[PDB]
Each structure stands twice: as structure tokens, then as C-alpha cells.
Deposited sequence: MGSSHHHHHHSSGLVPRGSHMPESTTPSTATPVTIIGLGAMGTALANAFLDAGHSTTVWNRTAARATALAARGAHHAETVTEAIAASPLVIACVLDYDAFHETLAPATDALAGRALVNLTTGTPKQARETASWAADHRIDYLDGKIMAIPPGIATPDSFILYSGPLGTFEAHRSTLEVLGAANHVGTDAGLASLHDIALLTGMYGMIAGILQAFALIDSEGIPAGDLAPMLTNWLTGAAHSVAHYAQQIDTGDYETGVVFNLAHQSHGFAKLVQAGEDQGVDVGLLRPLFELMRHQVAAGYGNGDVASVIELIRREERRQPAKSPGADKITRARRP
């Protein structure tokens, strides 16, 4: 029954507000532009300033463009934030997440840094989950409430950890996106619709997604050799056909050159009998090699 307050009513903010009203939470809303709050008020208290939105709820959820937008909005109202739960679901770096979290510990604000792994329509469906990092007490207080938005997964007390997980998950997805676009550009070079390849490509990538754990185990033991089916020397040999075909077809293949480069270096450095995961030794933190 927890009253909640939403700061920022963009596409993501609007979905959060709407999901709470559905679950029956006394919802207060606020936005830098009053228009966006209008439909919400029809179905929610539209507070006229940041402090009114803040003061109405023990839980304050902020969700604006970037962190610079996060300061200017809420930095004047620290004292109104004192003794409240402030959940900041704004995209940014781990460094930003930890700076903001110590700032929030100075002014007695129970800070939680969160990152939505969902698209606005997906809120309040089993497809949404949000990662939170920061004090386990703050999080555990509002969990059932936050479970309105979707799954709530606390990933650590280090405040930047949700941000790190978020960036890691998006780098995963973006890598796949570049693969997909490159695959489509290749098949497009002979006039085939993307739609003709989509079902096969979806199945292929779904199976490929099961090697994640394979790579993890290789990275965690440092053994890139045990259980390799098609080794790196062979992958690098064949990968070169992917690049030469691409330019035979008039298709740019620069999206794949960086990984290819790393693979070829690890082959030349002696890792050709192991798996492609050994590439990680060229891009991980130096201290961890």
C-alpha cells in the first residue's frame, strides 16, 4: 500500500507511474514539463514542484535522461529527501553511481541505484526486471513495492554494481545487434529479405546463447583448452572467409574486424589450440590478467 513518487515522466517514468496506479499505490508524479503528467492525473496526484512530489512519499523513484539531469532536479531538495528512500533508475556509469551514493549517505538519504532491464511497455510483465545496488536494508524495505515494476534483483552493496551489470548486459545485446545487422547486410547483398533469414538466425543465436556458460567457465578457470570442439586457429582461418566474402559482395564488414583482430593475435601468441574466450585476456583489466 506504500505511497510512491515518480520524478521524471518520460517514456520510462510514465510506465513506472502507470504500473503503480494499477497495483493500487497512492502515486504522486512530477516532471520538468507539466504536460506529460496530465494523462496520469486523469487515471494520480500531480505535484507542482520537486519538493511536493518528494514529500508525499517514503519512496522516491527518479528516472530522467542522464545523471547531469539527475543532479539539477534533485540537488536543491536534499533536505526534503532526508530520511526517505530514493531509487535512481537513470542510466550512467558506476563512478557516477558511487559518487551519488556517498552524497546520498551524507544527507541521510537511503540511496538505491537501479537500472531497468526492460522497455517501457514491458513493465509489470514477467519480461521486466530491475537491478539494484546499494544498502541491503533500503532495498529490502521496498522490495515488494519495487516488485510492481518487475523482478527486483539486488546485485550488491557496492553502489555502482547495478550500473556495471547494466553496461555488461547492454554490451552483450549490442554485440549481438551488430552481429544481426551484419548478418542481414550479408544476406541482403543477394536481394534476400531480412525476413527470410530471421527464423533461422533467431534459432542459431538462441543456441549460441548457451555457450555463455561455456565461456564463463573457461574464463573463471583460465583454461581455454579443455572441451574445445573447433579451436581458435580454425575459427580464425574460417573467420577470414567471412571478411573476404563480405567485400566480394560489396558489404562492409568493419563491425567484425576488432574481434577478428583479437582472435588473430591470440592465435599468433600461441592460443590457437584453445577457444575464442582467450580473447578476453586482451581486453580485461590489466590487474586481472
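Absence of C-alpha coordinates is noted for several segments of the deposited sequence, namely 1-29, 73, 320-336.
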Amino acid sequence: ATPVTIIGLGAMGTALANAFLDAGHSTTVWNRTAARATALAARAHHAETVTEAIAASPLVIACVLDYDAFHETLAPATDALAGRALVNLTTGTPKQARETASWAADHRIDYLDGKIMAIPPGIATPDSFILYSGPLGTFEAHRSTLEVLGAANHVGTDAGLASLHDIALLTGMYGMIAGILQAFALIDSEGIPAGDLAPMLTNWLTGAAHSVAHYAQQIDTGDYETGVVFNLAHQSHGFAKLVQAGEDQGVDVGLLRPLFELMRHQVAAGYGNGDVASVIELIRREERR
From here on, numbers count along this sequence of modelled residues.
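Look at the C-alpha B-factors of 210-218 and of 142-150. On average they run higher in 142-150.
For the pair 51-59 and 244-252, the mean B factor over Cα atoms is greater in 51-59. The PDB entry assigns the greatest CA B-factor among 201, 89, 77, 192 to 77.
Within the selection 259, 229, 233, 42, the deposited Cα B-factor values reach their highest point at 42. Ranked by C-alpha B-factor against the other modelled residues of its chain, residue 110 falls in the middle third. For residue 135, the recorded CA temperature factor ranks within the middle third of the chain's modelled residues. Residue-level temperature factors show residue 163 in the lowest third of its chain, judged at the C-alpha atom. Placement of the Cα temperature factor of residue 68 within the chain: highest third of the modelled residues, per the deposited record.
Residue 171: CA B factor in the lowest third of modelled residues in this chain (values from the PDB entry).
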